[PDB]
């Protein structure tokens, strides 16, 4: 691993902060969605979550104790702009200022996600990402971000996982705001998000220099073998998309951002209400960017011909049900490097485990250690084969609100007892600490 390699841990505003209805914070779509009967596992919500808004100091101390180089967090748009535009809320700004000072004080590099799915409710009432002005709303947010944090923060990510907040939010309907919209409206929302990204980059370039990223949800295709043919088939499957399956793919989002073009098929869709995609739109979307964010939890194995192989019977898996596929943190970085020739940051990687406090009062998560050890060995091999990887962020610092699954999935290197809000560092946290101290030399 490089000497400057960003050894990180990651969170998101709604998943940890709590204090949902305090200090003039505006409603977001997850406040409303999570309160709707039957949207969340056992009607869990992020009203309180890890109460991190009120326990900032303790969590910064855990970050210091683990020896984490970088902290990836999201800003609550609705906390800093309660109506999403206009009046800034300084109590909101103050929280993130106090966070960023805490980080600088401890020599931890801030990595700021602008959008981790908590759209201000006031903007949702105006049609959210269906609204022609939604890119301008986001630009205004991005300008406020640079204004108040541009001095101290030099790492920005515009959007976390558009695949999920657009796919699950507006196509499948299992995430806020919980819609199932026609293809034309999905493409309209995707285009408004990508243009929002363009305007946000422009805003973030005004003043202090910084590194700006775009984070994709990625399920890398793992080749059947090292044979050139099998590798090519995996590459092709990985970057494929069509009118009936695009919103969850890499190419549909990354080609516009990095190559300034949508996949071929997008030009041929003539559905009623399809948005007008102009050359100026594509030039706005494809602003120069410093790194590609990859959120990789697992991949899929493909045959010689790039067909997806049946998951092996009894494949090692996680508490959320996903398979453990170590090679995903090799092939995902590699193929993304080959396609876009950009520095890669693993902005999320981690595992849901059925964690508990043992009789000895500790949290033993050997499955998470093995997952982390296996995946980091593969990331190491990718760096060895010439993939430029600038860092790796463990999802997550804390067990937290896992969206439609509520608190039923624990991704943390730190356990949270929700009765007391007690943090207990898991074996995985101490294991990760050793990796950072040794810059991954002993994996």
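Numbering follows the first chain given and starts at 1.
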Of 356 to 364 and 154 to 162, which one has the bigger average CA B-factor?
-> 154 to 162
Averaging the C-alpha B factors as listed in the entry, name the stretch that ends up higher: 240 to 248 or 163 to 171.
-> 240 to 248
Comparing C-alpha B-factors across 326, 76, 89, 131 in this entry, the winner is 89
Out of 57, 402, 47, 42, which shows the largest CA B-factor listed in the entry?
-> 57
For residue 68, does the deposited CA B-factor place it in the lowest, middle or highest third of the chain?
-> highest
Check where residue 228 lands among this chain's C-alpha B-factors and tell me if it's the lowest, middle or highest third.
-> highest
What third of its chain, lowest, middle or highest, does the C-alpha temperature factor of residue 318 fall into?
-> lowest
Ranked C-alpha temperature factor of residue 31 among modelled chain residues, by third = lowest
Going by the entry, which third of its chain does the Cα temperature factor of residue 84 land in?
-> middle
